[PDB]
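As structure tokens, the structure follows; a few thoughts come after it.
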Amino acid sequence: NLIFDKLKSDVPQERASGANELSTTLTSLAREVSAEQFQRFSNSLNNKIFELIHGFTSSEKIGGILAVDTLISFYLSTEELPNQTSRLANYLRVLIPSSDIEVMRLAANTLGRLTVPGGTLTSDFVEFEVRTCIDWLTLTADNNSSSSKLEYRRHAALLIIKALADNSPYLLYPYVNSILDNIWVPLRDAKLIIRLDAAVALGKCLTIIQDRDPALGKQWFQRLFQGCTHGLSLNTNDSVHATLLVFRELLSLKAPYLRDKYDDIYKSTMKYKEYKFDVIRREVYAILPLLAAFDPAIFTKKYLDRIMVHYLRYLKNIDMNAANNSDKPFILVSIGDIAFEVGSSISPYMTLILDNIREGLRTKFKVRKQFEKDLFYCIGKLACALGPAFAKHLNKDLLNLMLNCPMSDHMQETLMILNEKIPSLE
């Protein structure tokens, strides 16, 4: 009945499901003799779970994956571990296509876990998912036949790619240029999920390459930039932010990344109007620290002022239709992130930021509070970046308003962070 309730357990009852999983593991470990009653009971329960899954309502299906997580990674079994590998792999391969979102991660991480559970069949299975992934990713511009796989199969394929990457980098090490070739051309998709998890898989592949240190890695470090430029030349709505999604992960520079992206952002500041930039604004604010990680022109003093110019329309309203501000928390997130990455980029100009802080903190509504929930964290990053020189600015009219507010964990955390940073006001 515990596992039955795990199947008929609602999505806010995940803690109860985990507690029941721990109880099931404890009851299984309570057995002290060698027998097969528990094995046959588990097999019959798995069979009835597979019969009673409901993929249309996304219910009574995560119980099977919970049973998989119970039957794996719980004990160094010489019988329970290697005999169930193929069975659970077949179960997950059945469950992958006939399931909706929020289940692909929970199906792929278990497959990655059972790639190396102590058994004897790893490489053949891994090559099987590699073949499935490349078959799914084989897409042609003319006579489109893999367009139906773009609904759910590609995201699941990239999640399995991540599982192989973080569970066995050696097996996926030959499959690197294949992934680059299979993601460069069909990078544009229907939704953001495939692009995002493709970028995450590319970052995992970059980590694998860095750990392996292969001979002549420039053939990868320049070809990725060439593919980025090819995607940027397509200058469509998807391709504007797809290139930034690819550029999300980088650690070494040998190409004009510090030249081909500033003008890209300055030409793609807004989409259509000043409010339809929702998809790309978060990516831009995330890659601005990535752009600042190499050269904000601190000594040249030619890009810090351009960064300052970039924020003027964000200092005020962002729409002429209803006079709203949807990106005003994200914009402070961006300035705090670039402060924490490079303090010297904003150490020239902060009095305008303090004026914006005072304007925001003059009055507080629910919207002001939900937008100031990260303001304190950004201010703490900026204060840590400025260091002991942040003395005249911390004078008055700021900490009194900061304490004139309902208490939050972020509030106490940022107060103690600035306390340990500057030993001026304790």
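Chain lettering (A, B, ...) mirrors the order of the structure tokens, residue numbering begins at 1 for each chain separately, and ligand numbering begins at 1 in order of display.
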- prompt: If you run DSSP on this backbone, which residues of range 6-231 of chain A come out as helix (DSSP H, G or I), and could you give them as a ChimeraX atom specification?
  reply: /A:6-7,11-30,37-52,62-71,80-83,85-95,104-115,123-137,148-150,153-167,169-172,177-187,192-212,218-221,223-231
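Take the candidates A:185, A:354, A:179, A:121 and check each one against residue 139 in chain A using only C-alpha atoms; the shortest distance goes to A:185.
The space separating CA of residue 164 in chain A from CA of residue 112 in chain A comes to 5.9 Å.
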Counting only C-alpha atoms, give me one row per residue of range 102-152 of chain A with an atom at most 10 Å from an atom of range 186-197 of chain A, showing the shortest contact pair and its distance in Å to one decimal, sorted by chain then residue number, as JSON lines.
```
{"residue": "A:137", "atom": "CA", "partner": "A:186", "partner_atom": "CA", "distance": 8.0}
{"residue": "A:138", "atom": "CA", "partner": "A:186", "partner_atom": "CA", "distance": 9.0}
{"residue": "A:139", "atom": "CA", "partner": "A:186", "partner_atom": "CA", "distance": 7.1}
{"residue": "A:140", "atom": "CA", "partner": "A:186", "partner_atom": "CA", "distance": 8.7}
{"residue": "A:141", "atom": "CA", "partner": "A:186", "partner_atom": "CA", "distance": 8.9}
{"residue": "A:147", "atom": "CA", "partner": "A:189", "partner_atom": "CA", "distance": 9.3}
{"residue": "A:150", "atom": "CA", "partner": "A:189", "partner_atom": "CA", "distance": 6.9}
{"residue": "A:151", "atom": "CA", "partner": "A:190", "partner_atom": "CA", "distance": 7.7}
{"residue": "A:152", "atom": "CA", "partner": "A:194", "partner_atom": "CA", "distance": 8.7}
```
May I have the residues from that selection written out with C-alpha atoms, as a CSV table (one decimal), in the first residue's frame?
```
chain,number,residue,atom,x,y,z
A,137,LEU,CA,19.1,14.1,-34.7
A,138,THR,CA,19.5,13.1,-38.4
A,139,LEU,CA,17.4,15.9,-39.9
A,140,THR,CA,17.3,17.1,-43.5
A,141,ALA,CA,16.3,20.5,-44.8
A,147,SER,CA,10.3,17.2,-37.6
A,150,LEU,CA,11.3,17.9,-32.4
A,151,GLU,CA,8.3,17.8,-30.1
A,152,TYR,CA,9.9,15.6,-27.3
```
field: Shell of 10 Å around range 45-53 of chain A, only C-alpha atoms, local chain residues under 4 positions omitted, as a ChimeraX atom specification
entry: /A:3-4,7,39-41,57-65,67-68,88,91,94-95
What would the file look like if the residues just selected were written as a PDB file, in the first residue's frame with N, CA, C and O atoms?
```pdb
ATOM      1  N   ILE A   3       3.766   1.734  -1.697  1.00  0.00           N
ATOM      2  CA  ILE A   3       4.103   1.991  -3.092  1.00  0.00           C
ATOM      3  C   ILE A   3       2.846   2.304  -3.898  1.00  0.00           C
ATOM      4  O   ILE A   3       2.888   3.104  -4.843  1.00  0.00           O
ATOM      5  N   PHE A   4       1.705   1.718  -3.523  1.00  0.00           N
ATOM      6  CA  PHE A   4       0.445   2.076  -4.169  1.00  0.00           C
ATOM      7  C   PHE A   4       0.126   3.554  -3.971  1.00  0.00           C
ATOM      8  O   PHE A   4      -0.272   4.243  -4.918  1.00  0.00           O
ATOM      9  N   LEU A   7       2.302   5.645  -6.206  1.00  0.00           N
ATOM     10  CA  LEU A   7       1.665   5.834  -7.511  1.00  0.00           C
ATOM     11  C   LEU A   7       0.535   6.857  -7.442  1.00  0.00           C
ATOM     12  O   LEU A   7       0.495   7.802  -8.237  1.00  0.00           O
ATOM     13  N   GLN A  39      12.063 -10.692  -4.669  1.00  0.00           N
ATOM     14  CA  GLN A  39      12.317 -10.489  -6.093  1.00  0.00           C
ATOM     15  C   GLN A  39      11.045 -10.665  -6.914  1.00  0.00           C
ATOM     16  O   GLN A  39      10.733  -9.837  -7.779  1.00  0.00           O
ATOM     17  N   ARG A  40      10.287 -11.734  -6.649  1.00  0.00           N
ATOM     18  CA  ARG A  40       9.067 -11.959  -7.419  1.00  0.00           C
ATOM     19  C   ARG A  40       7.986 -10.941  -7.071  1.00  0.00           C
ATOM     20  O   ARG A  40       7.224 -10.531  -7.955  1.00  0.00           O
ATOM     21  N   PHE A  41       7.915 -10.504  -5.809  1.00  0.00           N
ATOM     22  CA  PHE A  41       6.979  -9.444  -5.448  1.00  0.00           C
ATOM     23  C   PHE A  41       7.323  -8.141  -6.159  1.00  0.00           C
ATOM     24  O   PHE A  41       6.432  -7.451  -6.668  1.00  0.00           O
ATOM     25  N   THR A  57      -2.566  11.691 -18.360  1.00  0.00           N
ATOM     26  CA  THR A  57      -2.692  12.594 -17.226  1.00  0.00           C
ATOM     27  C   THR A  57      -1.383  12.792 -16.474  1.00  0.00           C
ATOM     28  O   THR A  57      -1.369  13.519 -15.474  1.00  0.00           O
ATOM     29  N   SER A  58      -0.293  12.168 -16.939  1.00  0.00           N
ATOM     30  CA  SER A  58       1.022  12.229 -16.290  1.00  0.00           C
ATOM     31  C   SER A  58       0.949  11.787 -14.830  1.00  0.00           C
ATOM     32  O   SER A  58       1.544  12.402 -13.943  1.00  0.00           O
ATOM     33  N   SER A  59       0.211  10.708 -14.580  1.00  0.00           N
ATOM     34  CA  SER A  59       0.017  10.185 -13.237  1.00  0.00           C
ATOM     35  C   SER A  59       0.254   8.682 -13.235  1.00  0.00           C
ATOM     36  O   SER A  59       0.145   8.014 -14.267  1.00  0.00           O
ATOM     37  N   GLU A  60       0.597   8.167 -12.049  1.00  0.00           N
ATOM     38  CA  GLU A  60       0.851   6.741 -11.816  1.00  0.00           C
ATOM     39  C   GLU A  60       1.976   6.205 -12.700  1.00  0.00           C
ATOM     40  O   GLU A  60       1.998   5.021 -13.045  1.00  0.00           O
ATOM     41  N   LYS A  61       2.919   7.069 -13.067  1.00  0.00           N
ATOM     42  CA  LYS A  61       4.068   6.681 -13.872  1.00  0.00           C
ATOM     43  C   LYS A  61       5.400   6.941 -13.189  1.00  0.00           C
ATOM     44  O   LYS A  61       6.344   6.175 -13.399  1.00  0.00           O
ATOM     45  N   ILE A  62       5.498   7.988 -12.366  1.00  0.00           N
ATOM     46  CA  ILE A  62       6.726   8.245 -11.624  1.00  0.00           C
ATOM     47  C   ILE A  62       6.960   7.201 -10.541  1.00  0.00           C
ATOM     48  O   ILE A  62       8.079   7.091 -10.026  1.00  0.00           O
ATOM     49  N   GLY A  63       5.929   6.435 -10.173  1.00  0.00           N
ATOM     50  CA  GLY A  63       6.121   5.363  -9.211  1.00  0.00           C
ATOM     51  C   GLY A  63       7.042   4.274  -9.725  1.00  0.00           C
ATOM     52  O   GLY A  63       7.819   3.694  -8.965  1.00  0.00           O
ATOM     53  N   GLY A  64       6.975   3.988 -11.028  1.00  0.00           N
ATOM     54  CA  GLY A  64       7.900   3.031 -11.612  1.00  0.00           C
ATOM     55  C   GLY A  64       9.339   3.511 -11.568  1.00  0.00           C
ATOM     56  O   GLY A  64      10.256   2.734 -11.294  1.00  0.00           O
ATOM     57  N   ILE A  65       9.555   4.802 -11.825  1.00  0.00           N
ATOM     58  CA  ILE A  65      10.904   5.357 -11.750  1.00  0.00           C
ATOM     59  C   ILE A  65      11.391   5.381 -10.304  1.00  0.00           C
ATOM     60  O   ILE A  65      12.581   5.175 -10.031  1.00  0.00           O
ATOM     61  N   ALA A  67      10.514   3.138  -8.086  1.00  0.00           N
ATOM     62  CA  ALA A  67      10.891   1.746  -7.858  1.00  0.00           C
ATOM     63  C   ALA A  67      12.237   1.425  -8.496  1.00  0.00           C
ATOM     64  O   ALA A  67      13.013   0.628  -7.957  1.00  0.00           O
ATOM     65  N   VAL A  68      12.526   2.034  -9.648  1.00  0.00           N
ATOM     66  CA  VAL A  68      13.834   1.874 -10.285  1.00  0.00           C
ATOM     67  C   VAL A  68      14.931   2.434  -9.386  1.00  0.00           C
ATOM     68  O   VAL A  68      15.977   1.805  -9.178  1.00  0.00           O
ATOM     69  N   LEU A  88      15.252  -2.590 -16.498  1.00  0.00           N
ATOM     70  CA  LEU A  88      14.955  -1.192 -16.209  1.00  0.00           C
ATOM     71  C   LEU A  88      15.300  -0.289 -17.387  1.00  0.00           C
ATOM     72  O   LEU A  88      14.619   0.719 -17.610  1.00  0.00           O
ATOM     73  N   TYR A  91      12.386  -0.618 -19.602  1.00  0.00           N
ATOM     74  CA  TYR A  91      11.281   0.127 -19.004  1.00  0.00           C
ATOM     75  C   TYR A  91      11.396   1.616 -19.306  1.00  0.00           C
ATOM     76  O   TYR A  91      10.421   2.261 -19.713  1.00  0.00           O
ATOM     77  N   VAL A  94      10.811   2.400 -22.959  1.00  0.00           N
ATOM     78  CA  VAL A  94       9.379   2.413 -23.243  1.00  0.00           C
ATOM     79  C   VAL A  94       8.747   3.702 -22.728  1.00  0.00           C
ATOM     80  O   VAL A  94       7.905   4.312 -23.401  1.00  0.00           O
ATOM     81  N   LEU A  95       9.155   4.150 -21.538  1.00  0.00           N
ATOM     82  CA  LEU A  95       8.527   5.312 -20.918  1.00  0.00           C
ATOM     83  C   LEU A  95       8.935   6.635 -21.560  1.00  0.00           C
ATOM     84  O   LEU A  95       8.213   7.625 -21.401  1.00  0.00           O
TER      85      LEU A  95
END
```
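Counting only C-alpha atoms, the residue from A:301, A:313, A:113, A:328 that sits nearest to residue 274 in chain A is A:313.
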Surrounding residues of residue 385 in chain A excluding itself and chain neighbours under 4 positions, 7 Å, only C-alpha atoms, as a ChimeraX atom specification: /A:339-340,343,381
Saved selection, atoms kept: N, CA and C atoms, as a compact mmCIF listing (two decimals), in the first residue's frame:
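For reference, result14.txt as written:
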```txt
# COMPACT_ATOMS: atom_id res chain seq x y z
N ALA A 339 29.12 43.38 -11.42
CA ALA A 339 29.89 43.91 -10.30
C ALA A 339 30.71 42.82 -9.62
N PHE A 340 30.08 41.68 -9.34
CA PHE A 340 30.78 40.60 -8.67
C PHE A 340 31.86 39.99 -9.56
N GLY A 343 34.77 44.14 -10.42
CA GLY A 343 34.45 45.35 -9.68
C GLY A 343 34.92 46.61 -10.37
N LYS A 381 26.89 42.09 -3.57
CA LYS A 381 27.96 41.83 -4.53
C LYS A 381 28.69 43.11 -4.91
```
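When CA of residue 258 in chain A is paired with CA of residue 287 in chain A, their separation reads 11.8 Å.
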Which residues come within 12 Å of residue 346 in chain A, counting only C-alpha atoms, excluding same-chain residues fewer than 6 positions away, as a PDB file with C-alpha atoms, in the first residue's frame?
```
ATOM      1  CA  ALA A 292      32.949  40.972 -19.187  1.00  0.00           C
ATOM      2  CA  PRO A 296      35.314  45.249 -20.435  1.00  0.00           C
ATOM      3  CA  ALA A 297      38.018  47.710 -21.567  1.00  0.00           C
ATOM      4  CA  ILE A 298      38.961  48.673 -18.021  1.00  0.00           C
ATOM      5  CA  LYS A 301      37.937  52.901 -21.192  1.00  0.00           C
ATOM      6  CA  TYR A 303      33.564  49.510 -23.362  1.00  0.00           C
ATOM      7  CA  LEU A 304      32.752  50.478 -19.761  1.00  0.00           C
ATOM      8  CA  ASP A 305      31.049  53.640 -21.022  1.00  0.00           C
ATOM      9  CA  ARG A 306      29.207  51.573 -23.649  1.00  0.00           C
ATOM     10  CA  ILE A 307      27.960  49.268 -20.890  1.00  0.00           C
ATOM     11  CA  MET A 308      26.822  52.400 -19.040  1.00  0.00           C
ATOM     12  CA  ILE A 335      24.502  44.917 -12.803  1.00  0.00           C
ATOM     13  CA  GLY A 336      25.164  42.987  -9.585  1.00  0.00           C
ATOM     14  CA  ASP A 337      26.511  40.015 -11.538  1.00  0.00           C
ATOM     15  CA  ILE A 338      28.903  42.172 -13.549  1.00  0.00           C
ATOM     16  CA  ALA A 339      29.886  43.911 -10.296  1.00  0.00           C
ATOM     17  CA  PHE A 340      30.782  40.596  -8.668  1.00  0.00           C
ATOM     18  CA  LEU A 352      23.536  56.696 -10.735  1.00  0.00           C
ATOM     19  CA  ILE A 353      23.014  53.149  -9.444  1.00  0.00           C
ATOM     20  CA  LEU A 354      22.616  54.536  -5.922  1.00  0.00           C
ATOM     21  CA  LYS A 381      27.957  41.828  -4.531  1.00  0.00           C
ATOM     22  CA  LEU A 382      28.578  45.462  -5.505  1.00  0.00           C
ATOM     23  CA  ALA A 383      29.728  46.327  -1.973  1.00  0.00           C
ATOM     24  CA  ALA A 385      33.478  44.438  -5.298  1.00  0.00           C
ATOM     25  CA  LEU A 386      33.987  48.034  -4.147  1.00  0.00           C
ATOM     26  CA  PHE A 390      32.637  51.992  -0.502  1.00  0.00           C
TER      27      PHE A 390
END
```
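Interatomic distance, CA of residue 116 in chain A against CA of residue 73 in chain A: 10.3 Å.
The smallest atom-to-atom distance between residue 56 in chain A and any of A:101, A:19, A:163, A:29, using only C-alpha atoms, is found for A:101.
If you measure from each of A:83, A:207, A:236, A:120 to residue 176 in chain A using only C-alpha atoms, the closest one turns out to be A:207.
With only C-alpha atoms as the atoms that count, the residue of A:69, A:345, A:44, A:162 with the shortest distance to residue 18 in chain A is A:69.
Of the listed residues A:37, A:412, A:99, A:233, the one whose atoms come nearest to residue 54 in chain A is A:99, with distances taken using only C-alpha atoms.
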- prompt: Which polymer residues have any atom within 10 Å of an atom of residue 426 in chain A, counting only C-alpha atoms, with same-chain residues fewer than 5 positions away left out, as a count of residues only?
  reply: 5
